[PDB]
Ligand SMILES: [Zn+2]
Ligand SMILES: [Zn+2]
Ligand SMILES: [Zn+2]
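Numbering (the working numbering), first residue to last: 13 to 583.
#1: How should residue 21 be labelled, buried or exposed, when 16 other C-beta atoms within 10 angstroms of its C-beta is the threshold for buried?
#2: Is the beta carbon of residue 301 closer than 8 Å to that of residue 197?
#3: For residue 333, which option in 307, 375, 318 has the closest C-alpha, if you only look at C-alpha atoms?
#4: If you run the structure through DSSP and keep just helix, strand and coil, what is residue 359?
#5: The beta strand (DSSP E) with residue 463 in it runs from where to where?
#6: For residue 28, which residues does DSSP report across the bridge?
#7: Using three-state DSSP, classify residue 560 as helix, strand or coil.
#8: Quick one: give me the first and last residue of the alpha helix (DSSP H) that residue 514 is part of.
#9: Inspect the CB distances between the segment 429-447 and the segment 363-382 and report whether three or more fall short of 8 Å.
#10: What residue range is occupied by the uninterrupted beta strand (DSSP E) comprising residue 193?
#11: How many angstroms separate the CA atom of residue 601 from the CA atom of residue 521?
#12: How would you label residue 254, buried or exposed, when you count the other beta carbons within 10 angstroms and need 16 or more for buried?
#13: Using the Cβ count rule (16 or more neighbours within 10 Å means buried), how would you classify residue 80?
#14: Just curious, the beta strand (DSSP E) that residue 459 is in, first and last residue?
#15: In or out: residue 163 buried (at least 16 other Cβ within 10 Å) or exposed?
#16: If we count the other Cβ atoms within 10 Å of its Cβ and call it buried at 16 or more, is residue 404 buried or exposed?
#17: With residue 564 and residue 413 assumed to form a contact (beta carbons below 8 Å), what rounded beta-carbon distance in angstroms separates them?
#18: Any heavy atom of ligand 1 within a distance shorter than 7 Å of the CB on residue 22?
#19: Let me know the secondary structure DSSP gives residue 21 once reduced to three states.
#20: How would you label residue 113, buried or exposed, when you count the other beta carbons within 10 angstroms and need 16 or more for buried?
#21: Short of 8 Å in beta carbon distance, which residues of its chain neighbour residue 210, apart from the five on each side in sequence? Order them along the chain.
#22: Okay, do the segment 525-533 and the segment 548-558 touch, 3+ Cβ pairs below 8 Å being the bar?
#23: Using only the alpha-carbon positions, how far apart do residue 134 and residue 145 sit?
#24: Taking 7 Å as the cut-off, is the beta-carbon of residue 54 closer than that to any non-hydrogen atom of ligand 3?
#25: So what's residue 497 in DSSP terms, helix, strand or just coil?
#26: Which whole runs of the alpha helix (DSSP H) in the segment 269-296 are 4 residues long or more, in chain order?
#27: Tell me, please, whether the segment 248-265 touches the segment 433-440 by the rule of three or more beta-carbon pairs shorter than 8 Å.
#28: Taking just the CA atoms, how far does residue 507 sit from residue 476?
#29: Report whether the distance from the Cβ of residue 87 to the nearest heavy atom of ligand 3 is below 7 Å.
#30: Assess contact between the segment 23-31 and the segment 95-111, defined as three or more Cβ pairs (one per stretch) separated by less than 8 Å. Is contact present?
#31: Is residue 328 closer than 8 Å to residue 337 when the C-beta atoms are compared?
#32: Please report the distance separating the alpha-carbon of residue 239 from that of residue 465.
#33: Quick check on residue 93: buried or exposed, where buried means 16 or more other Cβ atoms within 10 Å of its Cβ?
#34: Cβ of residue 313 within 7 Å of any heavy atom in ligand 1?
#35: Measuring only the C-alpha atoms, how far is residue 60 from residue 222?
#36: Going by beta-carbon coordinates alone, are residue 339 and residue 362 separated by less than 8 Å?
See the structure below:
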């Protein structure tokens, strides 16, 4: 019951009992929370409530200080002072944005906009409130019961009555009962057991968690040094990494640094190269996803001592991680760990990659568990953000993804990798104009294997996941005449479309959001629909920037189709 205001940092003992995170408020600000919102319960060592028997008066605007206890207007003694007096609430040591953040439901984009345009402490209140609201609601979907078990990879499901049903994507992970975590893909449903337990009938919940509080800021205050501080540069750096030396120096002359790395521009190369320039430094490589850390591991396995590297895995192990480094050895000079599994340690340089996919919660967790001399944030605000499962009204723009992306979109990034080495020029040219203001350059020539076709087709829906069978049919007609594409990866914005494409075409499939950070020779993309999800420029950017040799885009949107600097196909 001891703390300081979360708005002006004035110590007090008053906590709001209506806020889900019960923050500490001083006497001057508590008055504005209570007199401007619906939040009227104030908490202290003793609940501010009428102490008279049988009274339900909890509104502090209706309460009075009588003697040492608190009473309402119908029970207060003659000599009593109003608790809410002189723009203050009685407490020891005797706001609009805070009010919005405290009263919002996190379903509108404006909520997330405020949560990133506010003060740091407010940013941390919003983050923890959001996570809480996300969790307190994950308990309101129906439960799953197995009708019949057909194969080892497919089941029949029966859903509970009264509650809504959660979608069947990997984003919606489930805990089985403790038979292990499970994911489902949309009659028959495909099941994926983190273990090889033969899911039987009579078996049966959405994963959840407990919102631990936060303490560290999203970004530590910036520090600009006069020279490389805390690190010892080499003087014989491989020529393969020589282009990044001027950037590798800025990292050492600053507390934190921002790198915008468009697709195929060499982000992982910059990351592992930072260690070769500082060969004595302890480096923690972290990201929110397991695939990102594994990508950084695979890159290290080529340029770094395989004996100074460790892949930290959570004891609760769902996906397969990297199995070529020492597992769970925090003592190594090179530690590769997801944010949630971060140990409480120290380092010289911390590298946080895939920053577009980070939440302000993740950023705080890192600035806490990891105390370091230099933090490096690598990503691209023109790529996809982390899913905000409560956001249903409005679109979150890149400047509101997190604090780092806001910086990259407002003041600019500290470093910008401007040469794409992966994609054919046709792709590079298209994205450079679409999201990079023509600042992205192409190293490769035009492949002449980048084609586009405008075909709206027919849109069917499995619940809400979209499907366009006619667009799959067009792809089938294309594969019969382009054999070199039988190895192509099918990519779409919809899981259901991918499922239908797997069966009809036989190609490996991937959603755009799951394709992020992956590269492929040939890519086949069907927009499937003309929706805000299907036409998002970040999503379209990621999708087409996956191809190294060729791409075929079956388009549903006239604008994005015209912008594709590809050869048009007819059929
Ligand atoms: Zn205050
Ligand atoms: Zn409140
Ligand atoms: Zn009373």
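Each residue gets a CB set at the ideal place from its N, CA and C atoms; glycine is no exception.
Walking through what the data contain:
#1: The count along the chain shown starts at 1 and reaches residue 21 at position 9. Counting Cβ neighbours within 10 Å, residue 21 comes out exposed, since fewer than 16 surround it.
#2: Taking the chain shown and counting its residues from 1, the one referred to as residue 197 is at position 185. Taking the chain shown and counting its residues from 1, the one referred to as residue 301 is at position 289. Contact flag unset, no.
#3: Locating residue 333 in the chain shown gives position 321, where the first residue counts as 1. When only C-alpha atoms are compared, the closest one is 307.
#4: For the purposes of this step, residue 359 is identified with residue 347 of the chain shown, where counting begins at 1. If DSSP states are grouped into helix, strand and coil, residue 359 belongs with the strands.
#5: On the chain shown, position 451 is the one that residue 463 refers to. Element bounds for residue 463: 462-466.
#6: Position 16 of the chain shown, counted from the first residue, corresponds to residue 28. 54.
#7: The sequence position of residue 560 within the chain shown is 548, counting from 1. Strand, per DSSP.
#8: Reading the chain shown from its first residue, position 502 is the one you call residue 514. Counting along the chain, the alpha helix (DSSP H) containing residue 514 begins and ends at 507-517.
#9: no
#10: Mapped onto the chain shown, residue 193 falls at position 181. Unbroken beta strand (DSSP E) run through residue 193: 192-197.
#11: In the structure as shown, the chain begins at 13 and stops at 583. Residue 601 is therefore absent and cannot be evaluated.
#12: Translated into positions along the chain shown, residue 254 becomes position 242. Counting Cβ neighbours within 10 Å, residue 254 comes out exposed, since fewer than 16 surround it.
#13: As a first step, residue 80 is located in the chain shown; it is residue number 68 there, counting from the start. With fewer than 16 Cβ atoms within 10 Å of its Cβ, residue 80 is classed as exposed.
#14: Residue 459 sits at position 447 when you count from the first residue of the chain shown. Segment: none, residue 459 is in no beta strand (DSSP E) and carries neither H nor E.
#15: The sequence position of residue 163 within the chain shown is 151, counting from 1. That one is exposed.
#16: On the chain shown, position 392 is the one that residue 404 refers to. When all chains shown are included, residue 404 counts as exposed.
#17: Residue mapping note: residue 564 aligns to position 552 of the chain shown, counting from 1. Residue mapping note: residue 413 aligns to position 401 of the chain shown, counting from 1. That belief does not hold up - the Cβ atoms of residue 564 and residue 413 are roughly 30 Å apart, past 8 Å.
#18: For the purposes of this step, residue 22 is taken as the residue at position 10 of the chain shown. Checking every heavy atom of ligand 1 against the Cβ of residue 22, one is found closer than 7 Å.
#19: As a working note, residue 21 is residue 9 in the chain shown. Residue 21 falls in the coil class under three-state DSSP.
#20: On the chain shown, position 101 is the one that residue 113 refers to. Answer is buried; the Cβ neighbour count reaches 16.
#21: Indexing the chain shown from 1 puts residue 210 at position 198. Closer than 8 Å at the Cβ level, and outside the excluded window around residue 210, lie 161, 164.
#22: yes
#23: Position 122 of the chain shown, counted from the first residue, corresponds to residue 134. Position 133 of the chain shown, counted from the first residue, corresponds to residue 145. Spanning the two alpha carbons is a distance of roughly 16 Å.
#24: Here residue 54 refers to the residue found at position 42 of the chain shown. Because no heavy atom of ligand 3 lies under 7 Å away, the Cβ of residue 54 does not count as near it: no.
#25: One-based indexing of the chain shown puts residue 497 at position 485. It is helical.
#26: 279-289
#27: no
#28: Counting from 1 along the chain shown, the entry for residue 476 is found at position 464. Counting from 1 along the chain shown, the entry for residue 507 is found at position 495. Spanning the two alpha carbons is a distance of roughly 10 Å.
#29: The residue given as residue 87 occupies position 75 in the chain shown. At least one heavy atom of ligand 3 is nearer than 7 Å to the Cβ of residue 87, so yes.
#30: yes
#31: One-based indexing of the chain shown puts residue 337 at position 325. One-based indexing of the chain shown puts residue 328 at position 316. Their beta carbons are not under 8 Å apart, which means residue 337 does not touch residue 328 by this criterion.
#32: Against the chain shown, residue 239 aligns to sequence position 227. Against the chain shown, residue 465 aligns to sequence position 453. So the alpha carbons of these two residues sit roughly 54 Å apart.
#33: The sequence position of residue 93 within the chain shown is 81, counting from 1. Exposed.
#34: Stepping through the chain shown from its first residue, residue 313 is reached at position 301. False, no ligand heavy atom lies under 7 Å from that Cβ.
#35: By 1-based counting over the chain shown, the position of residue 60 is 48. By 1-based counting over the chain shown, the position of residue 222 is 210. C-alpha separation (whole angstroms): 27 Å.
#36: Here residue 339 corresponds to residue number 327 of the chain shown, with the count starting at 1. Here residue 362 corresponds to residue number 350 of the chain shown, with the count starting at 1. Not in contact: residue 339 and residue 362 (Cβ atoms no closer than 8 Å).
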